[PDB]
Amino acid sequence: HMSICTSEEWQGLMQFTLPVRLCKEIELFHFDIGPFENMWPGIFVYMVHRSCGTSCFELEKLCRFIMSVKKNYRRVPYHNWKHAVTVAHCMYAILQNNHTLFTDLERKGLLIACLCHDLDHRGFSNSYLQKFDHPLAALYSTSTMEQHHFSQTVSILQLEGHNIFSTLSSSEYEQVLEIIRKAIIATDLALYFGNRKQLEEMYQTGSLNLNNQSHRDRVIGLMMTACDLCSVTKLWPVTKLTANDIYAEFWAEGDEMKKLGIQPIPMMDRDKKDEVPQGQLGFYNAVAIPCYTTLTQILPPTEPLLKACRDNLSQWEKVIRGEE
Ligand SMILES: Nc1ncnc2c1ncn2[C@@H]1O[C@H](COP(=O)(O)O)[C@@H](O)[C@H]1O
Ligand SMILES: [Mg+2]
Ligand SMILES: [Zn+2]
């Protein structure tokens, strides 16, 4: 059921060399992978090697894994291969700036979780799957697509020669799979609201303790949200272009809803594009800004993400004022 990369594909990745000039740029939060499509798999290999070490994973297995993951992302407008690498890069930047706060197991687990977090996404939301009783909603009662993304991740690891984690001891192996599962489930925005509120409180009252596993899990969860939404932390033109892709998917879902006789929310109605600017303002105020605000409080080095988010909020406000 899973697609598998070809030998030419993973061998080509093995020989890939990343232009010296990009090595420097990849360390920055605002880096946009957009103009280097042929290099995306190589960029991920580079980040893994820099954060986890060149011998962390058997190179051959890592290349097979990466190219098969790419092949299992669909050709949809937004939840695609580009998105996966973009989210993984934001995680890389967060980890590089807060390196020793995380174990080697967590770093390899999180970079992989980010690359795989939207595996096999079809362009339809949990809202849609549950409203229309898709088989996946029956199998996974909550965080439907996310539970599916994790299942897809495990399925790729099970492909012959694709298990990059097999060299871990049995206890570390079970630990990394759990790190990956929790990280992917955390990408369900529905869970973000409660997670952020809890973390904000733990931080404000001084009870937040990274030696407390449940606390670590929550911090990692907020990091996942931050990486998943990072298009809002890029330079304005990049942020705006990505929003076009996000809405292309929203509109397609809303079209299907109308076919089933249900009026979609304005955000998914292609006949209500005039409401987009206000919709974005709402998303930034209710989701993005608070996310990066709390993340910066817990991990000070991530402040550039919050500053960039605030800048884009201002841009959407300019659009609303007719200054576009
Ligand atoms: N700028 C945005 N405006 C509205 N919704 C967004 C925006 N960026 C991300 N999202 C939502 O956040 C979700 C993140 O979860 P996912 O990308 O599926 O892991 C996306 O599926 C979108 O539904
Ligand atoms: Mg997702
Ligand atoms: Zn995503």
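Just follow the structure's listing: the first ligand is 1, and inside any ligand the first atom is 1. In this chain, residues are counted from 1 in sequence order.
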Would you say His83 touches ligand 1, if touching means a heavy atom closer than 4.0 Å?
-> yes
Hey, is the Mg ion (ligand 2) within less than 2.8 Å of some N/O/S atom on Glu146?
-> no
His121 ring center within less than 6.0 Å of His148 ring center = no
Side chains of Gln280 and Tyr284: do they bring a donor and an acceptor to under 3.5 Å?
-> no
Given side-chain hydrogen bond (donor to acceptor under 3.5 Å, both in side chains), test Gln263 with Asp269 step by step and report yes or no.
-> CA-CA 8 Å; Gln263 188 56 50; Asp269 196 329; 2.9 Å; yes
Between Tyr284 and ligand 1, does any nitrogen or oxygen pair lie at a separation below 3.5 Å?
-> no
So which of the N, O or S atoms of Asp118 lies nearest the Mg ion (ligand 2)?
-> OD1
The protein heavy atom nearest to atom 1 (N) of ligand 1 is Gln280 OE1, 3.0 Å
What angle, in degrees and rounded to 10°, do you get at the Zn ion (ligand 3) when you join it to NE2 of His83 and to OD2 of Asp118?
-> 100°
Could you label the plane-to-plane angle of the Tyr247 and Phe250 rings as parallel, tilted or perpendicular, counting under 30° as parallel and over 60° as perpendicular?
-> perpendicular
Can you find an N/O atom of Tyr78 closer than 3.5 Å to an N/O atom of ligand 1?
-> no
Given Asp245, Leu229, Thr242, which has its nearest heavy atom closest to atom 9 (C) of ligand 1?
-> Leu229
Between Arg75 and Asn80, is any pair of side-chain heavy atoms under 4.5 Å apart?
-> no
Write out the residue and atom name of the closest protein heavy atom to atom 13 (C) of ligand 1, then the distance separating them to 0.1 Å.
-> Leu189 CD1, 3.9 Å
Flag the pair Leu105 / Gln175 as yes when at least one side-chain heavy-atom distance between them is below 4.5 Å, and no otherwise.
-> yes
Using a strict 4.0 Å threshold on nitrogen-to-oxygen distance, state whether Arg122 and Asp120 make a salt bridge.
-> yes
Taking 4.0 angstrom as the limit, do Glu201 and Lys197 come out as a salt bridge?
-> no
Only one of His134, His149, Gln130 clears side-chain hydrogen bond (donor to acceptor under 3.5 Å, both in side chains) with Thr144; which?
-> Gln130
Judged by non-hydrogen atoms, does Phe250 sit under 4.0 Å from ligand 1?
-> yes
Closest to atom 6 (C) of ligand 1 among protein heavy atoms sits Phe283 CZ, 3.5 Å
Protein residue, atom and distance nearest to atom 8 (N) of ligand 1, heavy-atom basis | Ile246 CD1, 3.5 Å
When only distance counts, is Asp118 in polar contact with ligand 1, meaning an N/O pair under 3.5 Å?
-> yes
Subset of ligand 1 atoms that lie under 4.0 Å from at least one heavy atom of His117 = 19 (O)
CA sep, side-chain torsions, deciding dist, call: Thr294, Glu200, side-chain hydrogen bond (donor to acceptor under 3.5 Å, both in side chains) | CA-CA 6 Å; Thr294 300; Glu200 183 59 30; 2.9 Å; yes
So which N/O/S atom does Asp228 have closest to the Zn ion (ligand 3)?
-> OD1
For ligand 1, indicate whether the residue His79 contacts it via side chain, backbone, both or neither (heavy-atom separation under 4.0 Å).
-> side chain
So, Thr225 side chain and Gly221 main chain: donor-acceptor pair closer than 3.5 Å or not?
-> yes
Short N/O/S contact of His117 with the Zn ion (ligand 3) (below 2.8 Å) = yes
Distance to 0.1 Å, residue and atom name: give those for the protein heavy atom nearest to atom 19 (O) of ligand 1.
-> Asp228 OD2, 2.4 Å
